[PDB]
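Trainee: build me a structure from this.
(chains A, B and C, ligands or ions: 3)
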Amino acid sequence: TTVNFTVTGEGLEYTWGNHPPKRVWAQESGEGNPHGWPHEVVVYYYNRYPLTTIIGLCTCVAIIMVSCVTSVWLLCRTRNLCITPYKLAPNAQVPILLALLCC
Amino acid sequence: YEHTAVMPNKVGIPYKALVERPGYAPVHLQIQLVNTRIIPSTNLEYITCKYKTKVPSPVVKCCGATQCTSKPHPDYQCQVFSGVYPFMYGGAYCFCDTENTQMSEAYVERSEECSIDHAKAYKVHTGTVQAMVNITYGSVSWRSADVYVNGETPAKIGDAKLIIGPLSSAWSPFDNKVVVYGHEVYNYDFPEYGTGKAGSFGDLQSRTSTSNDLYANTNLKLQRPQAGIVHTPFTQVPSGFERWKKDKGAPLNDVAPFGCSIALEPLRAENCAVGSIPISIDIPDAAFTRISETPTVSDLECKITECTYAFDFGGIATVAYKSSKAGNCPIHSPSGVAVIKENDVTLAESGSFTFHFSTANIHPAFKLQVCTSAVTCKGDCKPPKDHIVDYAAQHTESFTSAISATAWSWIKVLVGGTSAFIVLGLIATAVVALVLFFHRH
Amino acid sequence: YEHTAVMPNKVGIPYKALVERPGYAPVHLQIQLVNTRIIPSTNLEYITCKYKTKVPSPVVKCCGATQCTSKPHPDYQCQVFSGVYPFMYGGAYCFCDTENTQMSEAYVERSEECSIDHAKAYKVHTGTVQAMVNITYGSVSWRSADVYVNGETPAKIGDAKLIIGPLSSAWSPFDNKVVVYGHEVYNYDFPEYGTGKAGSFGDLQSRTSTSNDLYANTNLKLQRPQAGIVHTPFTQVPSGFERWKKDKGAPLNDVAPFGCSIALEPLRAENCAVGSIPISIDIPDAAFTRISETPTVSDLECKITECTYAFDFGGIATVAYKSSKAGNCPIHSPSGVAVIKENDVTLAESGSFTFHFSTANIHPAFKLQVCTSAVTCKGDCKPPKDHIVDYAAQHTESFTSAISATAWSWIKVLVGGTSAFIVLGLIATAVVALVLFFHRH
Ligand SMILES: *[C@@H]1O[C@H](CO)[C@@H](O)[C@H](O)[C@H]1NC(C)=O
Ligand SMILES: *[C@@H]1O[C@H](CO)[C@@H](O)[C@H](O)[C@H]1NC(C)=O
Ligand SMILES: *[C@@H]1O[C@H](CO)[C@@H](O)[C@H](O)[C@H]1NC(C)=O
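Mentor: Residues are numbered from 1 along each chain as shown, chains lettered A, B, ... in the order given. Ligands and ions are numbered 1, 2, ... in the order given. Pasting the structure now:
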C-alpha cells in the first residue's frame, strides 16, 4: 500500500514495524518565484503560507475597496460643495481655474 | 565571570554566545544539551496480571452429605452437588445411588507469569527535571556532566560552574495515572484498588507482585460435575489482562507530543522540546585574555558568495580583513538571522577567511562579530532543492523571514497609494471648506 | 440493601441512622470513625546533619617545598605554609630555619551522630486518605476494619460492604516542602540540594544517610600553624544544623489547624476534622425483618421531663406508648435538633420508656422515629452550669438554635410593627388619592 503523511517544519516521526523510528523534516522548498511578477509572488507565498496568503489578499482587496470608495466619495462631495455655489448663480464669473481644480 | 542568557529547549542544537568581559577579549561559549529528562515521581498503586484458577480435589462424600464453609481465598467458590454417582477406573466410587455429595472448591491465584508478565499501575506526580549538558569554551575541549534543571543546583563542568534555570513550560506527557507494561507506558485511568470489574483491566489487582493479599473479581461459578465423572467444572470470565493486552491501543511512546522519548528506569520523558531554558555559567577568570594582548581586526568586508535557506549550513560567505599579531579570533553572529558553523578562525596580517552559516531569511542581513570587531553581511538566498530532510533546522524562522524585497515593494506601493488616496480626498475637502468660509467672509 | 448518606468528618462522634427497607422493619445503623489519617506521598530530597571536620596529618617537608592538589573531598581545603620551623618532643623537626614547608589538609564529612540525629527534607504531594471505622447494625455487635477513603474501594465489615466517599475538603496541613526531625514535622522551605549556605540549615546536605557524595558549604579556612607547633589549625562557620535546632521554632504538630495529630511512620496527619464524608453501606438482607413480624406502636406521647443544652446528654424525655407483641423497637431522631443516646428500647404491651438526648436548641423540637412510627417532642432547655468541659459536643448547633421564644416574639413584633406602619402609610396615601379623585368627579 501507499501512505501519504504531511510533514511540516516541525518534523514528523514514523516507525515501520520493528524498525528504529525515523525522523524527517520538510524544508521551505515551495514552488514559486518571490522575485517575479505579482502572480508568481502570490503563488510562492500561497504555497508557503496558504491561509495567511488568502487572508492577506482578502484584507488588501477590502482595504483597497474601502479606501477607493472613501476617496471617490470625498472628491465627489468636494466637487458638489465647490460647484453648488455657482449653480445657484447662473450669472457668475465661473473662473476657468474652478473647472480645473474642483472637477 | 558569570554569563547569563536563555537558550531554547532543543537537543542536538548547540547554543553559541560570546562571553564579553570588560577589558578582556571575547571568549566563545558553546552549550549543547545531550538529553533532557523529565523524571516524575511515581507511587505504585497495584500490579495486574493474568490470573490462575486453583481447584483443589473435590470431597466426594458417599452415603451422606457435606457443607461448604467460607475461606479467606480470592473469589472463593464452594458448592455441594448432591445426587452424584461418580465412577473411577476401579468402578463405582460410592455405594448409595443418590445419597452422595461432591463438594467442589475453587479460588483465584496469581499465575507463574505474573512474576514477569504483569502491568504496574502508577500514580504520577510532579518530580524533577534533569539534563546532560555538553559545554566547551575558549580553548577548553568539550566537557559534560549531569545537571538538575531547577535554577538552583549548580554543576561543575570543566572548572566552570553551570546553573540551568527551570524549564519555561511545566508541561509533562504523563497524566496523573499511567500503566507501565514491558517497555511501554500508557495513559490509562485504571480503576481504584478493589474496584476492578470482571473481564476488565483491573479484574486482578495486587498491591505488589509478592503480596499475600490478592483481589480477584471474576464470575467464577462452579458447575455441576457431569454424570458419573469426578471432576470440578467451572466457568469464568476470560482474563481481562489478556483482553487488555489485545486492546492496549497506542502507547504513550507513540503519541507523546514534542517528540518525547519514554524510558522506564526511572520512568521519564526524554528530549521534550518544550519552552526555553534560562542558563547561567561562571567562566574561569583564567580563560580571558586582555584586549591589548589579542589581535586587532579592521577593514572587514563580508561578501556572501552562495546562499540557500536550507535547514543545513547552506550559506557560504567570504570575509576580507586586515589585522596584526596573526592569531586565532572567535567568530559569532549575535542576531538570530544566521547561525555560524565555525566558532573561530585564524587571521593573518592580511587576507580573507570564509565561514558557513544557516539562515531562514530570503534576504539575510546579519552582523558578524570578529573578536574585537564586527561586520555586516548581506545577500540573497535561493530556495532549497530537497523537499524532505532527515535533520532538524539549525536556524529559526521569523515572521518576516519569508518576505522578499519584491513583496516589501508591493506592500509599500499598496499602503502608500491607499493612504495617498484618502489623504488627497481629505485635503481637497479641507481646501473647499476653507474656500466656502472665505466666500461667506 | 444499600444505604447512602453524608456523615460529618468527626472522630469519636457516631453517625446514627435508620435503614428503611420497603416492606421490612427499619434496621438501626451506627457508623463511628475511630481515626482518620491523611497520608501524603513523600520523596526524600536530602538529609541534613551536623558536619565533622576530618583533618589528615600535615606533611612537613624539611628543606624543601610542596604543592597542594585538588581532591573530590567535600569542601576540601589545602594550603602550603612556607617558613615553618616546628618543634616536637625530640626538638627541632627540621634542620633548615626558613626553607622547610608544612602542607595542611582538611575536609568535611558527616559526623557519627548523622546516623541517628539528622533532619530529613521531604517534598510532599497529594497522597491517600485512610480511616478506621467502627460499625454496628441491628443485633450485630461492633465490628471495625481499616478502609480507604476513596469513594470506590469497598471494605467488608461484618458481612456489610462499606464505601466511604472522598473527604469534601482536600485540605492537608503539610506544605509542599516539609522537614522531619525526630518526631516533629516542620513546614520549612528548605533550600534545594547544592544551594545550602554556611551556617544555615542546608550547610551540609546528603541525598541519603549512606550517600558517598556529600555537599558541604562552610567557610573552612586553614590557618597558619603556630610557631614551632605541628598542628593543622582551621576556622569554620558553626554548623547551621545546630543553629537550626535552636531556632527551629514551633513544629507542625503544635500549629496544625483542626486539631490534626502528626505521625511519622508513615508521615501523616490524623483526626483532621475537616468537612464531611459521604458513606455507602450495604446491609445484608438477613438483617431485615418483615414489618408484619415486628411490634406496632401507637398513641405515642412524648414529654420532656428535664433538658439542659449541655455538651453531654443533658436531656431526658419520657414517651408513653401502647404496642402489640411487646417486642424490641429501634429509636431514632432524623432531625438534627437532638441526638438520641439510646439505640433501641424494650417495649411492653403498654407503659412508658425514657431516652436521653443532647440538643443545642433552647426550645428543641424534634421527631422521634419509634420503629415504624413517630412522635414529636417539644420542651424548654436550661443553660449548662459548667463553663469548660473536657469532651466534645455531642450535638450540632444551628443559626437559630439560640433564638428563644421571647427573642422570636420581639423579632416578630419589630418586623410586623414596622411593616404594618409602612402599609398604613401607603394605604393612607392611596385612599387620599381616591378622595381627591372623587373631589374632582
Ligand atoms: C500520495 O501522493 C501521490 C502524489 O504525490 C499520489 O499519486 C498518491 O495517490 C497519494 N496517495 C494517497 C493515499 O493519498
Ligand atoms: C560533546 O560534543 C563533542 C563534539 O560535538 C563530542 O565529541 C562529545 O562526545 C560530546 N559529549 C558527549 C557526552 O556526547
Ligand atoms: C467499637 O465500639 C465498641 C463499643 O463502643 C468498642 O468496645 C470497640 O473497641 C470499638 N472498636 C474499636 C476498634 O475501637
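Trainee: the nearest residue to residue A:33 once chain neighbours are set aside: what secondary structure?
Mentor: Leaving out its chain neighbours, the residue that sits closest to residue A:33 by C-beta to C-beta, 6 or more residues apart in numbering or on different chains is residue A:40, at 4.0 Å. (C-beta placed from N, C-alpha, C; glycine too.) Under the three-state scheme (DSSP: H, G, I helix; E, B strand; the rest coil), residue A:40 adopts helix.
Trainee: doesn't residue A:30 make contact with residue A:40?
Mentor: No. Residue A:40 lies out of contact with residue A:30 (C-beta atoms under 8 Å); the separation is 12.0 Å.
Trainee: neighbour-wise, which of the two wins?
Mentor: residue A:30 (18 against 15; other C-beta atoms under 10 Å in any protein chain shown).
Trainee: how would you label the more buried one: helix, strand or coil?
Mentor: Assignment for residue A:30 (three-state DSSP): coil.
Trainee: residues near the nearest residue to it once chain neighbours are set aside, how many?
Mentor: Nearest residue to residue A:30, sequence neighbours excluded (C-beta to C-beta, 6+ apart): residue A:47, at 3.6 Å. Neighbour count of residue A:47, defined by other C-beta under 10 Å: 14.
Trainee: my guess is residue A:47 is in a strand, correct?
Mentor: No. If the criterion is three-state DSSP, then residue A:47 is helix and not within a strand.
Trainee: that one: what's it in contact with?
Mentor: Residue A:47 makes contact with A:30-32 under the criterion C-beta atoms under 8 Å, 6 or more residues apart in numbering or on different chains.
Trainee: cool, residue B:195 as well?
Mentor: B:202, C:152-154.
Trainee: now do 7 Å
Mentor: Residues counted as contacts of residue B:195 (C-beta atoms under 7 Å, 6 or more residues apart in numbering or on different chains) are B:202, C:152-153.
Trainee: related to what we said a few turns ago, kindly indicate which of the contacts of residue A:47 lies nearest residue B:289.
Mentor: residue A:30 (47.4 Å; C-beta to C-beta).
Trainee: tell me how far that closest one lies from residue B:383.
Mentor: Note on residue A:30: its distance to residue B:383, by C-beta to C-beta, to the nearest Å, is 8 Å.
Trainee: what's the distance between residue B:36 and residue C:97?
Mentor: Noted for residue B:36: a distance of 60 Å to residue C:97, by C-beta to C-beta.
Trainee: when those two are compared, which one has more neighbours?
Mentor: residue B:36 (25 against 10).
Trainee: can you say which of the contacts of residue B:195 are buried?
Mentor: Among those, the ones that count as buried by 16 or more other C-beta atoms under 10 Å in any protein chain shown are B:202, C:153.
Trainee: next, format the contacts of residue B:195 as JSON lines and append secondary structure.
Mentor: Listed next are these as JSON lines, based on three-state DSSP:
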{"residue": "B:202", "secondary structure": "helix"}
{"residue": "C:152", "secondary structure": "coil"}
{"residue": "C:153", "secondary structure": "coil"}
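Trainee: about what we covered before: quick check: the residue nearest to residue A:33 vs residue B:386, distance?
Mentor: From residue A:40 over to residue B:386 the distance is 22 Å, taken as C-beta to C-beta.
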